[PDB]
Amino acid sequence: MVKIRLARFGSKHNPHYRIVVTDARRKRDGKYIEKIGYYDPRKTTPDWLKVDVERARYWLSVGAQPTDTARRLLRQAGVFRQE
Amino acid sequence: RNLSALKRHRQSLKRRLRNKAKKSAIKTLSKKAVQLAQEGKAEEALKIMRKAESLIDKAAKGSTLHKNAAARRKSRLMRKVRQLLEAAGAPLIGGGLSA
Amino acid sequence: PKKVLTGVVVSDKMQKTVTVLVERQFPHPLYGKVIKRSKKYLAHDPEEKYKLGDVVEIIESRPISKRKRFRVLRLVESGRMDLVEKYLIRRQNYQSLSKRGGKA
RNA sequence: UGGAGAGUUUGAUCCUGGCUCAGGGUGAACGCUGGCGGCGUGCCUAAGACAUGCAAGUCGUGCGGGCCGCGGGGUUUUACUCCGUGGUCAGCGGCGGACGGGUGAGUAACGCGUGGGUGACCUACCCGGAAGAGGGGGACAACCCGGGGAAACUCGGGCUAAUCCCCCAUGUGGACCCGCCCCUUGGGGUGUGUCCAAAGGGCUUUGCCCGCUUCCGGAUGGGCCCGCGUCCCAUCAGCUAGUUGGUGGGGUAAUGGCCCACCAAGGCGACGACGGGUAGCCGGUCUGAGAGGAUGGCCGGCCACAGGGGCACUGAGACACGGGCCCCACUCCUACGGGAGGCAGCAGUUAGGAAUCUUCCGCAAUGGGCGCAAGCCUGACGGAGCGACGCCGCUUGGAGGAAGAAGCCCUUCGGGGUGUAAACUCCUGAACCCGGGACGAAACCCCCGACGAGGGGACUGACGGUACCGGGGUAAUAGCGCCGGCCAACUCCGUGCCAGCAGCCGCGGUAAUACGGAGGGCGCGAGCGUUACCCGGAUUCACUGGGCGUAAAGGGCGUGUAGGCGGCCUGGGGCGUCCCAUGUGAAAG
Ligand SMILES: [Mg+2]
Ligand SMILES: [Mg+2]
Ligand SMILES: [Mg+2]
Ligand SMILES: [Mg+2]
Ligand SMILES: [Mg+2]
Ligand SMILES: [Mg+2]
Ligand SMILES: [Mg+2]
Ligand SMILES: [Mg+2]
Ligand SMILES: [Mg+2]
Ligand SMILES: [Mg+2]
Ligand SMILES: [Mg+2]
Ligand SMILES: [Mg+2]
Ligand SMILES: [Mg+2]
Ligand SMILES: [Mg+2]
Ligand SMILES: [Mg+2]
Ligand SMILES: [Mg+2]
Ligand SMILES: [Mg+2]
Ligand SMILES: [Mg+2]
Ligand SMILES: [Mg+2]
Ligand SMILES: [Mg+2]
Ligand SMILES: [Mg+2]
Ligand SMILES: [Mg+2]
Ligand SMILES: [Mg+2]
Ligand SMILES: [Mg+2]
Ligand SMILES: [Mg+2]
Ligand SMILES: [Mg+2]
Ligand SMILES: [Mg+2]
Ligand SMILES: [Mg+2]
Ligand SMILES: [Mg+2]
Ligand SMILES: [Mg+2]
Ligand SMILES: [Mg+2]
Ligand SMILES: [Mg+2]
Ligand SMILES: [Mg+2]
Ligand SMILES: [Mg+2]
Ligand SMILES: [Mg+2]
Ligand SMILES: [Mg+2]
Ligand SMILES: [Mg+2]
Ligand SMILES: [Mg+2]
Ligand SMILES: [Mg+2]
Ligand SMILES: [Mg+2]
Ligand SMILES: [Mg+2]
Ligand SMILES: [Mg+2]
Ligand SMILES: [Mg+2]
Ligand SMILES: [Mg+2]
Ligand SMILES: [Mg+2]
Ligand SMILES: [Mg+2]
Ligand SMILES: [Mg+2]
Ligand SMILES: [Mg+2]
Ligand SMILES: [Mg+2]
Ligand SMILES: [Mg+2]
Ligand SMILES: [Mg+2]
Ligand SMILES: [Mg+2]
Ligand SMILES: [Mg+2]
Ligand SMILES: [Mg+2]
Ligand SMILES: [Mg+2]
Ligand SMILES: [Mg+2]
Ligand SMILES: [Mg+2]
Ligand SMILES: [Mg+2]
Ligand SMILES: [Mg+2]
Ligand SMILES: [Mg+2]
Ligand SMILES: [Mg+2]
Ligand SMILES: [Mg+2]
Ligand SMILES: [Mg+2]
Ligand SMILES: [Mg+2]
Ligand SMILES: [Mg+2]
Ligand SMILES: [Mg+2]
Ligand SMILES: [Mg+2]
Ligand SMILES: [Mg+2]
Ligand SMILES: [Mg+2]
Ligand SMILES: [Mg+2]
């Protein structure tokens, strides 16, 4: 099953996640199928969440399943919003 | 010591038998069906050949056979039967074969 | 694309199988000079059709044996025994080069 | 955008040639020294042996129970017996245990790299689409009874539920044989015949939620095959009997001598077969002007292994590290018959070694497994800890201060040096004290809306009273190497071919800028040296970029096999060569 989830990419105490699609059995920070956004939790910069809805939508459309967090971020960047 | 998922081993054995037997029945029914055709007794022959066709398709419902393992077992059997009746026969009951 | 090589039959002493020899000109890595270099493939001749001297195209195929992974795709030119003889002396030489005995 | 050379063969010279030095690099170790922080990094040896603890489970919304409670019923009462509910324990069943973590022993191989093939294939969970779940029967644990064994555990007897197993039906549809069409490898239709389906559970209870069945497609993950690339020895030249191909079988998801019977006698090799030696491969890493050389340690991808050797079972997937069987070696229990283990998971112990860390904190974040959810489980992981092991940042103060104290040093006996250095004057204020104190965390859940979109609400921090901000405030660690030339930096004393130094050349035989001390000086500085190893200089294996009359090097000479190379003119082809477009060249670096 392919996921849409946060791969960990910052450094110690300075975390940056990289929102990716990947097979759920990959190691967390391993080889992924495709990056579709990033996210700094500490909001150190005016741009700290990016997505690309189309790719996010695409993957969902083929049963990518987002972790409960990636979904939050996905939602927040307007991935779901249909109105 | 102890890891209560040796339950898995426990139940693997239970399955080892369900399969083991299912397979046995197919093999002995098949041989039989093919033996009925090397003697060219087509009425009985297909009647069994059919019971074994079923036995296969059924085994492949659960994990005993599945896929095209069954489909193999099937033709390889169905083939040999028509051919052994080709050696003088005329498919009497003609149950599990095409006209 | 199923890879397609062109070669020379140097053997049909084998049921339903030819030994096509294929060569490849290429510039040498370090030294730049162009070096020829050649390799023998076993090809599937199902209808014992092609005979040695034939020059044939060989096509990548689902395996027929080990060693056998190509089928003879078509005939180009025929009869040319020069390369067959070429290849044949090449191995006749091996008779010397040893410790033992045989006029090469 | 990129290229430095030097010392040493002679009385001297040119050349040849090796040796050596100046640079860079490190998972290092060693000596001397040692102040703070951030980020990294840390068994190179024994893939030796391992104490103790922790490391993969979860679901009561699949099922029936055992033990301990509490409460309510049937009778006038007892007896027996019915229902509800709290806790707990395992059993049956489902999914996970094939990932995640560890290692590099084996492996020179389609193992890896790269580009292709599959009409020769598989794919649990996920997404999309089409259709369906009607009737009936069965067994085994649990539990109950009995037996053997020291123990591990084990045998027999009797009940029993299910989403456990089975039979019949329905056949959307699929599978198999034969025929026909299209296609061209086993791809896609189509006709007769035969064969094959299902499971229930939950409630806010007539409708939703989660499940189940068959088929088609998608996504993701794999299997197999192929072209080309992948170390050293030819003082390893012949190698092969399933060997090479055929037919027919077996086997598999699937091709295949993968295996088997029968038949043919083939297959491979100087373009290096066979054998031996060494090695996980790659992205990358170091070095280099580059071509090249060296390497594969952190991290990421693939492969292989889980005390050594085999093997299969169960599964969508294993020949399965914390699953099963057997043989071997070793440790442990033993009532002598018999049993139990497997850190190359996290820590840790011991051994070997020049040498390599805490039996730490937390599931708060990210990720994973099961669960409808609440949750549970994660030594994955996020953090802290040790070590100057590495990088980066930061301090041991700043401005004044003599025509120049003391001591030590030298001297031409006038002086000259350490040196603005110190003392001392004023100025800031590492350490340290006090106060505030984080970001990382908004989702899951809950409410409105519809369980959608959307809006509202609540909970949660290991690191950590840390980072950071504010106030108070002390002049407050300096080492190590070197000073003949190469190579920055010279003077006294001691020594007398001794004691010693030494990277190379070389110093020391009584006036040593080369040894040991001192003063002074040069270079770096929380480091400085040493040893080891790689590239460099080394055009010193030369493709770029060398040579062979006398420095090393022309085969004693021919004949000639393969191979390399080949005059002038025209035409075809387009293999090499060149050009355009396009696909691939993951991330990290
Ligand atoms: Mg039998
Ligand atoms: Mg000389
Ligand atoms: Mg001299
Ligand atoms: Mg020289
Ligand atoms: Mg010390
Ligand atoms: Mg640290
Ligand atoms: Mg090791
Ligand atoms: Mg233990
Ligand atoms: Mg624990
Ligand atoms: Mg239980
Ligand atoms: Mg692994
Ligand atoms: Mg070898
Ligand atoms: Mg392979
Ligand atoms: Mg394919
Ligand atoms: Mg569906
Ligand atoms: Mg019943
Ligand atoms: Mg009973
Ligand atoms: Mg019984
Ligand atoms: Mg009953
Ligand atoms: Mg039908
Ligand atoms: Mg039909
Ligand atoms: Mg066809
Ligand atoms: Mg057909
Ligand atoms: Mg039926
Ligand atoms: Mg219902
Ligand atoms: Mg696919
Ligand atoms: Mg043979
Ligand atoms: Mg075959
Ligand atoms: Mg065969
Ligand atoms: Mg070899
Ligand atoms: Mg290895
Ligand atoms: Mg390389
Ligand atoms: Mg060079
Ligand atoms: Mg390592
Ligand atoms: Mg590595
Ligand atoms: Mg071991
Ligand atoms: Mg199986
Ligand atoms: Mg273990
Ligand atoms: Mg020791
Ligand atoms: Mg967690
Ligand atoms: Mg979680
Ligand atoms: Mg001063
Ligand atoms: Mg102040
Ligand atoms: Mg003051
Ligand atoms: Mg929570
Ligand atoms: Mg509502
Ligand atoms: Mg909402
Ligand atoms: Mg001071
Ligand atoms: Mg000098
Ligand atoms: Mg004097
Ligand atoms: Mg002496
Ligand atoms: Mg003297
Ligand atoms: Mg002298
Ligand atoms: Mg001196
Ligand atoms: Mg010296
Ligand atoms: Mg250099
Ligand atoms: Mg060189
Ligand atoms: Mg030379
Ligand atoms: Mg001479
Ligand atoms: Mg000479
Ligand atoms: Mg001569
Ligand atoms: Mg001679
Ligand atoms: Mg000579
Ligand atoms: Mg000649
Ligand atoms: Mg010639
Ligand atoms: Mg020529
Ligand atoms: Mg010419
Ligand atoms: Mg021409
Ligand atoms: Mg061309
Ligand atoms: Mg890249």
# chains A, B, ... in the order shown; residues from 1 in each chain; ligands from 1
>>> residues_around(residues="segment 43-50 of chain A", least_positions_apart="4", cutoff="10 Å", atoms="only C-alpha atoms (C1' of nucleotides)", output="PyMOL selection string")
(chain A and resi 14+16-19+36-39+73-74+76-77) or (chain D and resi 439-440)
>>> interface_residues(of="chain B", to="chain D", cutoff="7 Å", atoms="only C-alpha atoms (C1' of nucleotides)", output="VMD selection string")
chain B and resid 9 12 16 50 53 to 54 57 to 58 71 74 to 75 78 to 79 95 to 99
>>> write_last_selection(atoms="N, CA and C atoms", output="compact mmCIF listing (two decimals), in the first residue's frame")
# COMPACT_ATOMS: atom_id res chain seq x y z
N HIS B 9 2.79 -21.61 14.46
CA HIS B 9 3.30 -22.90 14.07
C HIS B 9 2.23 -23.95 14.25
N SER B 12 -0.18 -23.86 11.59
CA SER B 12 0.36 -24.15 10.28
C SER B 12 0.19 -25.64 10.05
N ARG B 16 -1.38 -27.66 7.10
CA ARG B 16 -0.55 -28.63 6.40
C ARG B 16 -1.38 -29.85 6.02
N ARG B 50 -14.36 -35.43 -14.54
CA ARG B 50 -15.17 -34.32 -14.10
C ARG B 50 -15.13 -34.11 -12.57
N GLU B 53 -11.82 -32.51 -11.97
CA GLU B 53 -11.83 -31.12 -12.41
C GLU B 53 -12.39 -30.27 -11.29
N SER B 54 -13.50 -30.72 -10.73
CA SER B 54 -14.15 -30.00 -9.64
C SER B 54 -13.22 -29.91 -8.45
N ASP B 57 -10.69 -27.17 -9.04
CA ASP B 57 -11.18 -25.80 -9.00
C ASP B 57 -11.53 -25.38 -7.58
N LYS B 58 -11.87 -26.37 -6.77
CA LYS B 58 -12.32 -26.15 -5.42
C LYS B 58 -11.13 -25.89 -4.54
N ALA B 71 -5.47 -24.30 -13.02
CA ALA B 71 -5.73 -24.31 -14.45
C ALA B 71 -4.76 -25.23 -15.21
N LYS B 74 -5.59 -28.83 -14.40
CA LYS B 74 -6.81 -29.10 -15.15
C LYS B 74 -6.56 -29.52 -16.58
N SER B 75 -5.96 -28.64 -17.38
CA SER B 75 -5.72 -28.98 -18.78
C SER B 75 -4.83 -30.20 -18.92
N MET B 78 -7.11 -32.78 -18.55
CA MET B 78 -8.14 -32.84 -19.57
C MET B 78 -7.54 -33.23 -20.91
N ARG B 79 -6.36 -32.69 -21.21
CA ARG B 79 -5.67 -33.02 -22.44
C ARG B 79 -5.46 -34.52 -22.53
N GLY B 95 -19.10 -35.76 -20.70
CA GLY B 95 -19.35 -34.79 -19.66
C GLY B 95 -18.47 -33.57 -19.78
N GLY B 96 -17.26 -33.66 -19.26
CA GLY B 96 -16.40 -32.49 -19.19
C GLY B 96 -15.54 -32.13 -20.39
N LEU B 97 -15.98 -32.47 -21.60
CA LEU B 97 -15.22 -32.09 -22.80
C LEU B 97 -16.09 -31.36 -23.82
N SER B 98 -15.45 -30.60 -24.72
CA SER B 98 -16.20 -29.87 -25.76
C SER B 98 -16.41 -30.72 -27.00
N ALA B 99 -17.65 -30.73 -27.48
CA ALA B 99 -18.11 -31.51 -28.63
C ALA B 99 -17.02 -31.90 -29.64
>>> residues_around(residues="segment 90-95 of chain C", least_positions_apart="4", cutoff="12 Å", atoms="only C-alpha atoms (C1' of nucleotides)", output="ChimeraX atom specification")
/C:10,83-86,99-104 /D:237-238,268-271,273,561-563
>>> select_by_dssp(residues="chain C", states="alpha helix (DSSP H)", output="list in words")
residues 81, 82, 83, 84, 85, 86, 87, 88, 89, 90, 91 and 92 of chain C
>>> write_last_selection(atoms="C-alpha atoms", output="PDB file, in the first residue's frame")
ATOM      1  CA  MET C  81      32.128 -19.182 -46.308  1.00  0.00           C
ATOM      2  CA  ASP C  82      35.013 -16.771 -45.870  1.00  0.00           C
ATOM      3  CA  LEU C  83      34.013 -15.885 -42.327  1.00  0.00           C
ATOM      4  CA  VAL C  84      33.185 -19.493 -41.550  1.00  0.00           C
ATOM      5  CA  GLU C  85      36.682 -20.483 -42.694  1.00  0.00           C
ATOM      6  CA  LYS C  86      37.964 -17.364 -40.983  1.00  0.00           C
ATOM      7  CA  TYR C  87      36.438 -18.515 -37.694  1.00  0.00           C
ATOM      8  CA  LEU C  88      37.530 -22.109 -38.369  1.00  0.00           C
ATOM      9  CA  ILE C  89      41.274 -21.490 -38.767  1.00  0.00           C
ATOM     10  CA  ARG C  90      41.057 -19.283 -35.693  1.00  0.00           C
ATOM     11  CA  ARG C  91      40.301 -22.355 -33.608  1.00  0.00           C
ATOM     12  CA  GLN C  92      42.566 -24.721 -35.547  1.00  0.00           C
TER      13      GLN C  92
END
>>> residues_around(residues="residue 82 of chain A", least_positions_apart="6", cutoff="12 Å", atoms="only C-alpha atoms (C1' of nucleotides)", output="PyMOL selection string")
(chain A and resi 53+57+75) or (chain D and resi 452-454)
>>> residues_near_ligand(ligand="ligand 44", cutoff="12 Å", atoms="only C-alpha atoms (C1' of nucleotides) and all ligand atoms", output="list in words")
residues 426, 427, 428, 429, 472, 473, 474 and 475 of chain D
>>> write_last_selection(atoms="N, CA and C atoms (P, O5', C5', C4', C3', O3' and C1' of nucleotides)", output="PDB file, in the first residue's frame")
ATOM      1  P     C D 426      42.861  52.960  39.014  1.00  0.00           P
ATOM      2  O5'   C D 426      41.761  52.996  37.852  1.00  0.00           O
ATOM      3  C5'   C D 426      41.167  54.223  37.448  1.00  0.00           C
ATOM      4  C4'   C D 426      40.970  54.298  35.951  1.00  0.00           C
ATOM      5  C3'   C D 426      39.874  53.419  35.372  1.00  0.00           C
ATOM      6  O3'   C D 426      38.588  53.986  35.494  1.00  0.00           O
ATOM      7  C1'   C D 426      41.824  53.203  34.058  1.00  0.00           C
ATOM      8  P     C D 427      37.305  53.022  35.468  1.00  0.00           P
ATOM      9  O5'   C D 427      37.350  52.326  34.027  1.00  0.00           O
ATOM     10  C5'   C D 427      36.877  53.002  32.866  1.00  0.00           C
ATOM     11  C4'   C D 427      36.739  52.079  31.675  1.00  0.00           C
ATOM     12  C3'   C D 427      35.846  50.862  31.854  1.00  0.00           C
ATOM     13  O3'   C D 427      34.472  51.167  31.689  1.00  0.00           O
ATOM     14  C1'   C D 427      37.868  50.225  30.797  1.00  0.00           C
ATOM     15  P     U D 428      33.351  50.247  32.390  1.00  0.00           P
ATOM     16  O5'   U D 428      33.418  48.886  31.563  1.00  0.00           O
ATOM     17  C5'   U D 428      32.438  48.593  30.579  1.00  0.00           C
ATOM     18  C4'   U D 428      32.934  47.590  29.576  1.00  0.00           C
ATOM     19  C3'   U D 428      32.537  46.153  29.835  1.00  0.00           C
ATOM     20  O3'   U D 428      31.235  45.873  29.367  1.00  0.00           O
ATOM     21  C1'   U D 428      34.828  46.253  29.324  1.00  0.00           C
ATOM     22  P     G D 429      30.164  45.145  30.314  1.00  0.00           P
ATOM     23  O5'   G D 429      30.872  43.765  30.672  1.00  0.00           O
ATOM     24  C5'   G D 429      31.304  42.886  29.641  1.00  0.00           C
ATOM     25  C4'   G D 429      31.954  41.647  30.197  1.00  0.00           C
ATOM     26  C3'   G D 429      31.058  40.814  31.096  1.00  0.00           C
ATOM     27  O3'   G D 429      31.294  39.434  30.841  1.00  0.00           O
ATOM     28  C1'   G D 429      32.997  41.481  32.297  1.00  0.00           C
ATOM     29  P     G D 472      22.844  45.360  35.892  1.00  0.00           P
ATOM     30  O5'   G D 472      23.226  44.280  37.001  1.00  0.00           O
ATOM     31  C5'   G D 472      22.979  44.522  38.378  1.00  0.00           C
ATOM     32  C4'   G D 472      23.537  43.415  39.232  1.00  0.00           C
ATOM     33  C3'   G D 472      25.039  43.214  39.141  1.00  0.00           C
ATOM     34  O3'   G D 472      25.766  44.117  39.949  1.00  0.00           O
ATOM     35  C1'   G D 472      23.969  41.132  38.907  1.00  0.00           C
ATOM     36  P     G D 473      26.940  44.992  39.297  1.00  0.00           P
ATOM     37  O5'   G D 473      28.155  43.967  39.142  1.00  0.00           O
ATOM     38  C5'   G D 473      28.670  43.268  40.269  1.00  0.00           C
ATOM     39  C4'   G D 473      29.312  41.957  39.877  1.00  0.00           C
ATOM     40  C3'   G D 473      30.538  42.051  38.986  1.00  0.00           C
ATOM     41  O3'   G D 473      31.715  42.349  39.706  1.00  0.00           O
ATOM     42  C1'   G D 473      29.069  40.418  38.124  1.00  0.00           C
ATOM     43  P     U D 474      32.935  43.083  38.970  1.00  0.00           P
ATOM     44  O5'   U D 474      34.102  42.002  39.022  1.00  0.00           O
ATOM     45  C5'   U D 474      34.662  41.610  40.264  1.00  0.00           C
ATOM     46  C4'   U D 474      35.345  40.272  40.163  1.00  0.00           C
ATOM     47  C3'   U D 474      36.522  40.194  39.202  1.00  0.00           C
ATOM     48  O3'   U D 474      37.721  40.686  39.770  1.00  0.00           O
ATOM     49  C1'   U D 474      35.108  38.326  38.884  1.00  0.00           C
ATOM     50  P     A D 475      38.516  41.907  39.088  1.00  0.00           P
ATOM     51  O5'   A D 475      39.449  41.192  38.008  1.00  0.00           O
ATOM     52  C5'   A D 475      40.773  40.788  38.339  1.00  0.00           C
ATOM     53  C4'   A D 475      41.320  39.801  37.337  1.00  0.00           C
ATOM     54  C3'   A D 475      42.725  40.117  36.806  1.00  0.00           C
ATOM     55  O3'   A D 475      43.452  38.912  36.496  1.00  0.00           O
ATOM     56  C1'   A D 475      41.217  40.012  35.015  1.00  0.00           C
TER      57        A D 475
END
>>> residues_around(residues="residue 80 of chain B", least_positions_apart="5", cutoff="9 Å", atoms="only C-alpha atoms (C1' of nucleotides)", output="number ranges by chain")
B: 34, 37, 75, 85
>>> write_last_selection(atoms="N, CA and C atoms", output="JSON list (two decimals), in the first residue's frame")
[["chain", "number", "residue", "atom", "x", "y", "z"],
["B", 34, "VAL", "N", -7.30, -40.91, -15.82],
["B", 34, "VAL", "CA", -6.41, -41.19, -16.94],
["B", 34, "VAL", "C", -6.27, -42.71, -17.13],
["B", 37, "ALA", "N", -9.07, -44.05, -19.27],
["B", 37, "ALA", "CA", -9.00, -43.67, -20.67],
["B", 37, "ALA", "C", -7.91, -44.44, -21.41],
["B", 75, "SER", "N", -5.96, -28.64, -17.38],
["B", 75, "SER", "CA", -5.72, -28.98, -18.78],
["B", 75, "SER", "C", -4.83, -30.20, -18.92],
["B", 85, "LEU", "N", -8.49, -41.27, -25.39],
["B", 85, "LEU", "CA", -9.74, -41.74, -25.96],
["B", 85, "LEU", "C", -9.68, -41.61, -27.48]]
>>> residues_near_ligand(ligand="ligand 1", cutoff="10 Å", atoms="only C-alpha atoms (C1' of nucleotides) and all ligand atoms", output="PyMOL selection string")
chain B and resi 24-29+31-32
>>> interface_residues(of="chain A", to="chain D", cutoff="9 Å", atoms="only C-alpha atoms (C1' of nucleotides)", output="PyMOL selection string")
chain A and resi 1-3+5-8+11-15+17+22-34+41-43+59-65+68-69+71-72+80-83
>>> residues_around(residues="residue 88 of chain B", least_positions_apart="6", cutoff="12 Å", atoms="only C-alpha atoms (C1' of nucleotides)", output="list in words")
residues 37, 38, 39, 40, 41, 42 and 82 of chain B
>>> write_last_selection(atoms="N, CA and C atoms", output="mmCIF file, in the first residue's frame")
data_model
loop_
_atom_site.group_PDB
_atom_site.id
_atom_site.type_symbol
_atom_site.label_atom_id
_atom_site.label_comp_id
_atom_site.auth_asym_id
_atom_site.auth_seq_id
_atom_site.Cartn_x
_atom_site.Cartn_y
_atom_site.Cartn_z
ATOM 1 N N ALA B 37 -9.068 -44.045 -19.266
ATOM 2 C CA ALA B 37 -9.001 -43.667 -20.669
ATOM 3 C C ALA B 37 -7.915 -44.444 -21.405
ATOM 4 N N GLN B 38 -6.909 -44.916 -20.679
ATOM 5 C CA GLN B 38 -5.893 -45.772 -21.275
ATOM 6 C C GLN B 38 -6.477 -47.166 -21.486
ATOM 7 N N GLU B 39 -7.676 -47.378 -20.941
ATOM 8 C CA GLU B 39 -8.449 -48.598 -21.147
ATOM 9 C C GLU B 39 -9.665 -48.240 -21.975
ATOM 10 N N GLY B 40 -9.727 -46.972 -22.350
ATOM 11 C CA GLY B 40 -10.783 -46.447 -23.187
ATOM 12 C C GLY B 40 -12.209 -46.644 -22.703
ATOM 13 N N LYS B 41 -12.455 -46.482 -21.406
ATOM 14 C CA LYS B 41 -13.807 -46.678 -20.876
ATOM 15 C C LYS B 41 -14.513 -45.356 -20.641
ATOM 16 N N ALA B 42 -14.784 -44.644 -21.730
ATOM 17 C CA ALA B 42 -15.169 -43.230 -21.688
ATOM 18 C C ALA B 42 -16.350 -42.834 -20.788
ATOM 19 N N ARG B 82 -8.647 -36.760 -23.387
ATOM 20 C CA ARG B 82 -9.202 -36.753 -24.738
ATOM 21 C C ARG B 82 -8.316 -37.615 -25.642
#
>>> closest_atom_pairs(of="chain D", to="ligand 11", cutoff="12 Å", atoms="only C-alpha atoms (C1' of nucleotides) and all ligand atoms", output="Markdown table")
| residue | atom | partner | partner_atom_place_in_ligand_line | distance |
| --- | --- | --- | --- | --- |
| D:98 | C1' | ligand 11 | 1 (Mg) | 10.7 |
| D:99 | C1' | ligand 11 | 1 (Mg) | 8.5 |
| D:100 | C1' | ligand 11 | 1 (Mg) | 7.8 |
| D:101 | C1' | ligand 11 | 1 (Mg) | 7.1 |
| D:102 | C1' | ligand 11 | 1 (Mg) | 7.7 |
| D:103 | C1' | ligand 11 | 1 (Mg) | 9.8 |
| D:302 | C1' | ligand 11 | 1 (Mg) | 11.7 |
| D:303 | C1' | ligand 11 | 1 (Mg) | 11.3 |
| D:304 | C1' | ligand 11 | 1 (Mg) | 11.0 |
| D:305 | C1' | ligand 11 | 1 (Mg) | 11.0 |
| D:306 | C1' | ligand 11 | 1 (Mg) | 11.3 |
| D:321 | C1' | ligand 11 | 1 (Mg) | 10.0 |
| D:345 | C1' | ligand 11 | 1 (Mg) | 11.1 |
| D:380 | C1' | ligand 11 | 1 (Mg) | 11.9 |
>>> residues_around(residues="segment 67-70 of chain C", least_positions_apart="4", cutoff="10 Å", atoms="only C-alpha atoms (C1' of nucleotides)", output="ChimeraX atom specification")
/C:2-5,17-20,40-45,57-63 /D:225-226,244-245,256,267
>>> atom_distance(atom1="atom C1' of residue 10 of chain D", atom2="atom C1' of residue 551 of chain D")
16.2 Å
>>> residues_near_ligand(ligand="ligand 18", cutoff="10 Å", atoms="only C-alpha atoms (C1' of nucleotides) and all ligand atoms", output="PyMOL selection string")
chain D and resi 140+156-159
>>> residues_near_ligand(ligand="ligand 19", cutoff="12 Å", atoms="only C-alpha atoms (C1' of nucleotides) and all ligand atoms", output="count of residues only")
6
>>> residues_near_ligand(ligand="ligand 5", cutoff="10 Å", atoms="only C-alpha atoms (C1' of nucleotides) and all ligand atoms", output="PyMOL selection string")
chain D and resi 32-34
>>> write_last_selection(atoms="N, CA, C and O atoms (P, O5', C5', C4', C3', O3' and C1' of nucleotides)", output="PDB file, in the first residue's frame")
ATOM      1  P     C D  32      52.402  11.323  27.821  1.00  0.00           P
ATOM      2  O5'   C D  32      52.677  12.893  27.710  1.00  0.00           O
ATOM      3  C5'   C D  32      54.008  13.410  27.757  1.00  0.00           C
ATOM      4  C4'   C D  32      54.073  14.846  27.287  1.00  0.00           C
ATOM      5  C3'   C D  32      52.981  15.757  27.827  1.00  0.00           C
ATOM      6  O3'   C D  32      53.278  16.295  29.091  1.00  0.00           O
ATOM      7  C1'   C D  32      53.069  15.991  25.497  1.00  0.00           C
ATOM      8  P     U D  33      52.108  16.404  30.174  1.00  0.00           P
ATOM      9  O5'   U D  33      51.061  17.469  29.591  1.00  0.00           O
ATOM     10  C5'   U D  33      51.397  18.844  29.501  1.00  0.00           C
ATOM     11  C4'   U D  33      50.524  19.613  28.534  1.00  0.00           C
ATOM     12  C3'   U D  33      49.074  19.806  28.920  1.00  0.00           C
ATOM     13  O3'   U D  33      48.884  20.756  29.941  1.00  0.00           O
ATOM     14  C1'   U D  33      49.210  19.329  26.613  1.00  0.00           C
ATOM     15  P     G D  34      47.863  20.411  31.121  1.00  0.00           P
ATOM     16  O5'   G D  34      46.437  20.633  30.470  1.00  0.00           O
ATOM     17  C5'   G D  34      46.005  21.957  30.206  1.00  0.00           C
ATOM     18  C4'   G D  34      44.919  21.980  29.169  1.00  0.00           C
ATOM     19  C3'   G D  34      43.566  21.512  29.651  1.00  0.00           C
ATOM     20  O3'   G D  34      42.858  22.528  30.323  1.00  0.00           O
ATOM     21  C1'   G D  34      44.069  20.496  27.586  1.00  0.00           C
TER      22        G D  34
END
>>> residues_near_ligand(ligand="ligand 48", cutoff="9 Å", atoms="only C-alpha atoms (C1' of nucleotides) and all ligand atoms", output="list in words")
residues 396, 397, 475 and 476 of chain D
>>> residues_near_ligand(ligand="ligand 39", cutoff="9 Å", atoms="only C-alpha atoms (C1' of nucleotides) and all ligand atoms", output="JSON, numbers by chain")
{"D": [351, 352, 353]}
